[PDB]
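# Coordinates in review
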Amino acid sequence: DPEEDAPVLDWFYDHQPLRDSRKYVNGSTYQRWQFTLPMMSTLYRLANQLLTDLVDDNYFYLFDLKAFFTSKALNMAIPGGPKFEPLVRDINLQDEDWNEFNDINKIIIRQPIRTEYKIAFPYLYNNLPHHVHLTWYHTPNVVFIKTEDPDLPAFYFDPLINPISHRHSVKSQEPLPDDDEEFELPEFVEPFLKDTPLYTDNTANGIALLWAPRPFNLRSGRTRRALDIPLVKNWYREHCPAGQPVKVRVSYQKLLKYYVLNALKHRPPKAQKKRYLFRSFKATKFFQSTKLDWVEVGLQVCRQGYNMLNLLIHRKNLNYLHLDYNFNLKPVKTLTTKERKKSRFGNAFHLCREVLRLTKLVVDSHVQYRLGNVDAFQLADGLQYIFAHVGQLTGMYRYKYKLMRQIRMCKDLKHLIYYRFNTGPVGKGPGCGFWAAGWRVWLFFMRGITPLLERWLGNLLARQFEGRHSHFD
Amino acid sequence: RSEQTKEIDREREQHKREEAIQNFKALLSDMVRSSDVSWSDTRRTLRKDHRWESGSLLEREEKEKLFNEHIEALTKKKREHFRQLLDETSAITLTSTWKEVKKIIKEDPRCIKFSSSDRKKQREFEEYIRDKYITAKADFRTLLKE
Amino acid sequence: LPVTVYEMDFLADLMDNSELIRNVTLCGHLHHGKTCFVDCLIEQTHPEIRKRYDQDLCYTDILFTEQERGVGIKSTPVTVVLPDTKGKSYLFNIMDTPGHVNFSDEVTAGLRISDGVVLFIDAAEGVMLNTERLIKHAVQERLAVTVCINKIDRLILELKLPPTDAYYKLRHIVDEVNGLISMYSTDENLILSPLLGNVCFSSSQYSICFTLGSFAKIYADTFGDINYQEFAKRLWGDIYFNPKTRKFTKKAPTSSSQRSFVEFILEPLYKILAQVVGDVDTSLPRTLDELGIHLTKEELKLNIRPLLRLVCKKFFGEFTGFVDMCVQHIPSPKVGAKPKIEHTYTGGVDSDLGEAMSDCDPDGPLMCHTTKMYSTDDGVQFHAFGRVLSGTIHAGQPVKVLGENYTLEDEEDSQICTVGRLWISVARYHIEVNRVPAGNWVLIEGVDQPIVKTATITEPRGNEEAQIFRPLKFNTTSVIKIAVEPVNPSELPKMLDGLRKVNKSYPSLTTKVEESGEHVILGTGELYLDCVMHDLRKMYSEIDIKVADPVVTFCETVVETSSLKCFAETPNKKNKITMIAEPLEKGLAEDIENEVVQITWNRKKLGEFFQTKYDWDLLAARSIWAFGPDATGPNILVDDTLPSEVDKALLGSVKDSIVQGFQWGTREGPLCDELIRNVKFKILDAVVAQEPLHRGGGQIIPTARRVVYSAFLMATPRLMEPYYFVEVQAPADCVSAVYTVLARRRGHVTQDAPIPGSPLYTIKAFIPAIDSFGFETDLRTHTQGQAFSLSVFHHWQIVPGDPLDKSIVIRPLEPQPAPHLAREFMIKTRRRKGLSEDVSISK
RNA sequence: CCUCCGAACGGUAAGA
RNA sequence: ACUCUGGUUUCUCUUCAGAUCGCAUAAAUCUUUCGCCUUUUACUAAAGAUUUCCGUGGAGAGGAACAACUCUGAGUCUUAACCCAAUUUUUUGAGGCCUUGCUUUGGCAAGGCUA
């Protein structure tokens, strides 16, 4: 709307909005930003679909990170919480047998001691509570009232607020015999802010921004990488809805499990010297810099990867093998056993081949968009399909099976999004294009695989060019 | 808010009604101890207590039904006690006589709670013996089916 | 030492002058901004200590359990120097006390050594359960009450009430608190109103704190030629401001004018907050310039909440209104020492120490009262903490520590200890000092060993007349009962050591060893015992300890008159004690326990009361021998002997043994070894023969026990379980869930009322203490974390069923029906005590 | 209700 | 109401990195256990320790680029309309003399005269 969305209208869909404007960002390097309250309000309203209606953390009682750490340390799972393996294995939990202290005939049972109690108060209801985390007890109930009408005054007695009772006044001052002149203020004395109005049209929005999810309660901040915004993290951090199928519930629990594991295993980054690869590359005479269309550089990367694997194949004189442009190794003819054993590559070549296959699929979907064959909505749906169906489009799970962990995750997110997407007038069938969730997962997979693949391919290429890089008796 | 108060008030009413029912049940269990006492006779005699006004949200029909249920439960307890005491004597079997049982269970408080006279007591003992004979027939059928 | 505004030696100089000292305890409900207020005070005094832009400082939350849970657990002292409106420095001894009801005892440990109580009220919540409990406790401890309404920003930035409606909410809070105080007191000088200076309005998150005097002084500074004392006498109530006459009139000038408090105080505050949070970029610099507030460029770039805090710190400045409140309405130790000795000293004010201490002489006989015990950093030794009521305690001076059992006749419970270092606690750094004069608060090392919970430190060989201070009376009763064992029995010794240390850390903790070797801990609630066991496992013992499922401590009562005149014949077969047992009238036990009636009274007043309100025979009323099992115990031993049968001289020589035997017999109990409660024992026939050798104490006391039990057992005995009172602050749509949860736990709702000036509802209900385990967790789970509840012990209520009904079968893993409950609860209690299964009348 | 669908190798006749 | 001070962007490098480096989250290696198991990988999933990788903050240095100019800080942060003022400062009648006594004169103290 040119009227409602004026603060963000002219820069909302730019690639890097407000980059040139020194009022909002530090400069072209895009490190810091500092917005105004109307812009923050418009952005917050535009994002109210991906945010939570909760103004308080009290919703996450026995469902925050500390509760999950406690349940993991106790080999217990809260309803909807993740399951883990026990911390202490070699101490049997049924080895404790019927002594006089655990005598069943000695204890009174009226209400069963659920596992919720053993985590709310872990030192009371649990024996040997090792590595338990005390959950935050209670935050005072935020009674903020969201108003969906700007016409309402920023301050007004809401009908939701219960009315206050009748009069009472015990002020028994001395009844003055009135032949006197009483107190008078000086001539130029007035209330402190008589001039300023009680409330403007940006006051209610700022008050609403106070009780807003991060970063919409922020005024300034630092830019983050586009892959560092999960955008659905608070969707599986809430309790799963009522009538969801079993697969959706287990997807919520698995996303929650990996969130818990990431939060628990997190160690601070180590101090190190600032090594930069592309800066070193640019410092040589063998690398130049330009500004290319992303689709063009994607096609260049696909062609270069194809040529590079094909050179790796033709180096070993394997004419009976054919690397196709979708990165499929193919037998040209029926191969003899001697030809089959000479056509046996390691997991390095095949993992690079499958990663290039996935990149080719993504860049090819983008090319199909640019050629006009497929439009933007179907492009987004195709990317969402690709990043959630890597187990079928590509085959890198058979050369590095640990990445199956990623695949399951990309399926889990597919559930989490779909049952938030296909609600109401929206049914099943293709159409969801919220591909950020799986795109992040595959980027983080590549983050850890890059050193491994680089080491493997360095060994392989060094080998191509004659290079390398009862005990005691 | 109108919907909200309607929802709250109906459950408030249900809670008060069920609390009154529980209080009347507690009064029935604390004072009435004999199954031979009539329901309305005690109701016309137990109204002189202190908490007898605990049924301010109850009518004569509900109170009489609750008294009937309590009397039935007390009679069941007395019958179970009589049956349990009938499992101790060796003369009690599937073909015992009531005349001999009148001396075997002469000073039997459980049987006295079951029946004051020999007619109802004999009928109950005969019913129990018939049940025991049916159980023996079931045992014979289970043994002979294999 | 961290850098402060004032000289440390100046603080030591303030120590000598008892007039320049205020002993203030900050009390209130859970999470009503008590700790954040102390955070603001620390920030005001300590320049280098500042709140994080995102996380609360929580300076007095020094326990790791407190930091993780977020709930204050133990009271923490801060001794600071604070300037008032006039600028005169004062030495404030502040007790930051927990707001959770289960830790009410902790508040009591700070109310003993405090002269004044500042009671914090959430402006958005109002008066809550612990607020009422602490009003009652502080008034009944004879302390000066000053209310402070914290979190007034919630009326603005969160409830968004119009300023007139915010004034109405504040007025409702003040009026409700005044009604509460008037209910539990007699004086008219205990009325609270900001007109008198008894109330401060504050928001501790944004560092707002003002009385009418401080805001009037802000007006005077911005304008001049204004008597801010005379001006502040008019900024409250229906007094309006006519600008035609520049006057203040109790009538409305127009037909739609506002109050003076709204115009001059609330409205500028609303406009300040609105301009900061809504128009930070458009009209904020002009608004700040109009207020004479200059912020740098790097300070306007802050987020909205740090900016609000900074702006309100620049505008309001310092918490001078709070200091005005605590100076003008809380007596100094010298002024307030007379009622303190009148109330909490056994010898009273009429002794030679009841006046040497009432003057608060810094150079008299050393008499200090230590009522807190704070752990060392490692957790091996302890530091006592208490008020120096008289004298000047020195470092190295040996002292005589007197426990709670020290009397003048029996002086076994005393020890000569060496006072080590002395500290002044500012809650995160201890100022080590050489001496502490009277009227102050002191940490003492070395004297901890003979101190169990509360101790009186006096001069060795100085005052042979020195008695002890009265032991702490707690607001609630330790009811929840856990049993602890060591995982490795070989480590049973260590646990005992640990069980001692927690016994010193928690004033209401009741540890003991039962007959069957069980180690039983009594606490007040689930959170209380969870913190106790965290400290027992992690802090002190550092071993592995198994817990039993918590239970409650039952009591035993009667419902009918005993059918037989239960008699006991002594082994010499000459004394025949024949008694009956019947229940006391409804509420008589409440009168006995609350010290409405006392055994120290003359027979005149005691008989007058018992004839006035209970319709007895005056002969029987004059003949009330003993209250059991203690002087305050809710059991009565009425002598019903006829004048012409048992002579008074024949019976007065054996009354004492009968009384002691009755006391310990009601202390033990014959059903499941529990206290006998609410029983009247009429001694009908006391056949006592002539020989004084055949009627000795060892001849009567066990016989007194036997006759007590026989009278009890024939009077239709019943079990009584404790009932907790629960307040639930739940949203309006989550009330049905509260009803459903309370239905499963034998709990009935007394009331469910909307909270005025807030969208929430308050549900007040009664729940059995044995059924209230995990009740808070179930309530918060079933209401999506919205319904929060606090549970406190309220009363005792008969367990359903007959405990002695031996015709009841019990299946060991099934919640029994109500008529069987009393049969169940007794048996499984006896098995835990290590007693016989069935209770037999033949003993 | 149950939806986690893996892979490669250990499969070369040796000769003329 | 004034005088002296004086930037921003961007690239690269060298170091220090506690900090939610990171309001995000990968991989590998080793040591314990865990599930399979038929040989290596490839694996299952928990703990601890290491690395590696995608990133980040602080300081310093050297360049290119709106650099030529404010702002910030410090500094007392300059004056005549209408007030010559009747309790603690710089326009307030309070001003003096002698007697007496003390004191080595000097000097000190109480009293009187007071328009």
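Residues numbered from 1 in each chain as written, not as in the entry; some residues may be left out. Chains lettered and ligands numbered in written order. Part of a larger assembly, values for the part shown. Heavy atoms only, no water. Residues with missing side-chain atoms left out of burial classes, pairs and counts.

### A word on the overall build of chain A
Helix and strand counts for chain A stand at 16 helices and four strands. Taken against the 2.2 N^0.38 rule, which gives 23 Å for 473 residues, the C-alpha radius of gyration of chain A at 32 Å runs more than 25% over that of a compact globule. When its C-alpha atoms are laid out on the principal axes, chain A stretches across 125 × 75 × 55 Å. The buried share of chain A, reckoned over its 473 residues, is 40%. A total of about 30,400 Å² of accessible surface is found on chain A, and carbon and sulfur atoms cover 53% of it. The averaged location of the 48 negative side-chain charges in chain A is 23 Å from the averaged location of its 66 positive side-chain charges. (Helix = DSSP H or I, 4+ residues; strand = E, 2+ residues; numbered from the N terminus. Rg over C-alpha atoms; globule rule 2.2 N^0.38 Å. Buried < 20%, exposed > 50% of the residue type's maximum accessible area, 1.4 Å probe, protein only. Areas by Shrake-Rupley, 256 points an atom, 1.4 Å probe, with all protein chains shown as cover. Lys, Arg positive; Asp, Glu negative; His and termini not counted. Charge placed at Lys NZ, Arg CZ, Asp CG, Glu CD.)

### Focus on the overall build of chain C
Within chain C, the regular secondary structure consists of 26 helices and 34 strands. Rg of the C-alpha trace for chain C: 30 Å, near the compact-globule value of 28 Å for 843 residues, within the 12% margin. Every one of the 843 residues in chain C was classed for burial, and the buried ones make up 64%. The contacts in chain C between residues at least 6 apart in sequence include a share of 72% that link residues at least 24 apart. When the accessible area of chain C is evaluated, it comes to approximately 31,100 Å², of which 50% is carbon and sulfur surface. One finds the centroid of the 91 positive side-chain charges in chain C at a distance of 3 Å from the centroid of its 112 negative side-chain charges. (Contact = heavy atoms within 4.5 Å.)

### A few points about the packing of aromatic side chains
In the structure shown here, the tally under the stated rule is 67 aromatic pairs over all chains. Geometrically, the ring pair formed by A:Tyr117 and A:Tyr125 is tilted, given 6.2 Å between the ring centres and 50 degrees between the ring planes. Ring geometry for C:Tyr167 and C:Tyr168: centres 5.7 Å apart, planes at 55 degrees, overall tilted. By relative accessible area, C:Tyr168 is classed as partly exposed at 21%. Its end group placed over the ring of A:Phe84, A:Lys72 keeps NZ or CZ at 5.6 Å from the ring centre. For C:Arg780, the ring lying beneath its charged end belongs to A:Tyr137, and the centroid distance is 5.9 Å. (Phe/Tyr/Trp six-rings, centres within 6.5 Å; stacked < 30°, edge-to-face > 60°. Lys NZ or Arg CZ within 6 Å of the ring centre and 35° of its normal.)

### Structural notes on the interface of chain C and chain A
Counting from both sides, the interface comprises 135 residues of chain C and, opposite them, 87 residues of chain A. Contact with chain A buries area across many residues of chain C, yet C:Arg69, C:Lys160 and C:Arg246 alone supply 9% of it, more than any other trio. Counting every contact that joins chain C to chain A gives five salt bridges. A:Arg110 is the partner of C:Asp771 in a salt bridge, and the nearest nitrogen-oxygen pair spans 2.6 Å. Counting the contacts that link chain C with chain A gives 44 residue pairs in polar contact. At 11 residues, the largest contribution of residues to the side of chain C that touches chain A is made by helix α10 (residues 260-278) of chain C. Across the side of chain C that touches chain A, the residue classes break down as 61 nonpolar, 25 polar and 49 charged. (Buried area = accessible area lost by both parts, 1.4 Å probe. Salt bridge = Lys/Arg side-chain N within 4 Å of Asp/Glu carboxyl O. Polar contact = N/O pair within 3.5 Å; in protein donor to acceptor, adjacent residues only side chain to side chain. Nonpolar A, V, L, I, M, F, W, Y, C, P; charged D, E, K, R; others polar.)

### So, the protein's contact with RNA strand D
Residue and element names in this part refer to chain A. Lining the immediate environment of RNA strand D, one finds 14 residues, of which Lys341, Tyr397, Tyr401, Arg408 and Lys411 sit closest. When the atoms of RNA strand D within 4 Å of the protein are sorted by group, sugar and phosphate make up 52%. Contact distances for RNA strand D include 2.7 Å between a phosphate oxygen and a side-chain N or O atom of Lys341. One of the side-chain nitrogen or oxygen atoms of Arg398 is found 3.3 Å away from a sugar or linking oxygen of RNA strand D. If you list the elements that add at least two residues to the surface near RNA strand D, you get α8 (246-265), α11 (337-342) and α15 (404-421). Counting residues per element, the surface near RNA strand D draws most heavily on α15, which supplies four residues. (Near = heavy atom within 4 Å.)

### What to know about a positive patch on the surface
There is a patch of like positive charges on the surface, built from A:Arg32, A:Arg214, A:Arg222, A:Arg224 and A:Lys233. Structurally, A:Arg214 is set in the loop between α6 (203-210) and β2 (220-222). (Patch = residues over 30% accessible without salt bridge, like charges linked within 9 Å, V, L, I, M, F, W, Y side chains within 5 Å.)

### With respect to the sheet that holds strand β6 (residues 199-203) of chain C
Residue and element names in this part refer to chain C. Across the sheet, seven strands lie side by side as β2-β3-β1-β4-β5-β6-β7; this open sheet has mixed pairing. Every other strand in the sheet has two partners, leaving β2 (76-83) and β7 (208-210) as the edge strands with one partner each. Strand after strand, the sheet turns through a mean of 25 degrees between neighbouring axes, direction not considered. In terms of strand pairing, β2 meets strand β3 (residues 89-96) through eight bridges, oriented antiparallel. Its bridge partner lying in β3, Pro83 is registered against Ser89. (Pairing = 2+ DSSP bridges. Axes fitted to C-alpha atoms, helices over the stretch in contact; angles between N-to-C directions.)

### Remarks on the protein's contact with RNA strand E
In the vicinity of RNA strand E, 50 residues are found, and the nearest of them are A:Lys270, A:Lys400, A:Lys402, A:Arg447 and C:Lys297. Between RNA strand E and the protein, one listed contact pairs a sugar or linking oxygen with a side-chain N or O atom of A:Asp228 at 3.3 Å. In the model, a base oxygen of RNA strand E is placed 2.5 Å from a nitrogen or oxygen of the A:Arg447 side chain. Each residue belonging to the surface near RNA strand E can be placed in one class, and the counts come to 13 nonpolar, 11 polar and 26 charged.

### Observations concerning the sheet that holds strand β15 (residues 422-425) of chain C
Residues and elements named next belong to chain C. If you trace the eight strands from one edge of the open sheet to the other, you get β14-β13-β19-β10-β11-β18-β15-β16, paired in antiparallel fashion. This sheet does not close on itself; its edge strands, each paired only once, are β14 (414-418) and β16 (430-433). Across this sheet, the average inter-strand angle for adjacent strands is 35 degrees, counted without regard to direction. Sheet topology note: the strand β10 (residues 367-375)/strand β11 (residues 382-390) ladder contains eight bridges and is antiparallel. In the strand pairing of β11, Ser375 is matched with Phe382.

### A closer look at the interface of chain B and chain C
Each side of the interface is counted separately: chain B has eight residues, and chain C has 13 residues. Roughly 990 Å² is buried in total at the junction of chain B and chain C, and carbon and sulfur atoms are behind 53% of that figure. Counting across the chain B and chain C interface gives two salt bridges. Here C:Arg718 ties to B:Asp30 by a salt bridge, and the two come within 2.4 Å at their closest N and O atoms. Linking chain B with chain C are five residue pairs in polar contact. Of the residues that constitute the side of chain B that touches chain C, the class distribution is one nonpolar, three polar and four charged.

### Structural notes on the packing of helix α10 (residues 294-315) of chain A against helix α12 (residues 347-370) of chain A
Residue and element names in this part refer to chain A. Between α10 and α12, whose axes approach to 9 Å, the crossing angle comes to 150 degrees. Classified by the angle between their axes, α10 and α12 sit roughly antiparallel to one another. In the crossing of α10 with α12, the sense of the turn from one axis to the other is left-handed. Side by side, α10 and α12 meet where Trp294, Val295, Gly298, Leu299, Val301, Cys302, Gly305, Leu309, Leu312 and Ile313 of the first sit next to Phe349, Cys352, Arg353, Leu356, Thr359, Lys360, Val362, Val363, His366, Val367 and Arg370 of the second. Counted by class, the contact of α10 with α12 contains 14 nonpolar, four polar and three charged residues. (Parallel < 35°, antiparallel > 145°, perpendicular 65-115°, else oblique. Left-handed = near helix turned anticlockwise from the far one by under 90°.)

### A few points about the nonpolar core
If you look at the biggest cluster of nonpolar residues, it comprises 209 residues, and the most contacted ones within it are C:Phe92, C:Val118, C:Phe322 and C:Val447. Setting aside its immediate chain neighbours within four residues, C:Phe92 contacts C:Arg22, C:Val78, C:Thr79, C:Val80, C:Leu82, C:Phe322, C:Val323, C:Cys326 and C:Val327. (Core = buried A, V, L, I, M, F, W, Y, C linked by side-chain atoms within 4.5 Å.)

### Some details on the UniProt feature "domain: tr-type G" in chain C
In the numbering used here, UniProt assigns the feature "domain: tr-type G" to residues 19-301 of chain C. This span, residues 19-301 of chain C, is 39% helix and 18% strand, and a straight line between its end C-alpha atoms measures 45 Å. (UniProt positions renumbered as here; feature names shortened; annotations may be inferred.)

### Quick look at α6(A)
A:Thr203, A:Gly206, A:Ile207, A:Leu209 and A:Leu210 are the residues of α6(A) that are buried. Projected down its long axis, α6(A) carries its buried residues within an arc of 160 degrees, all on one side. (Arc of directions from axis to C-beta.)

### Some details on a negative patch on the surface
On the surface, C:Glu342, C:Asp350, C:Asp352, C:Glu355, C:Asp359, C:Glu409, C:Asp410, C:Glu411, C:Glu412, C:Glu464 and C:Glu465 cluster together to form a negatively charged patch. Secondary-structure assignment places C:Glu411 in the loop between β13 (398-402) and β14.

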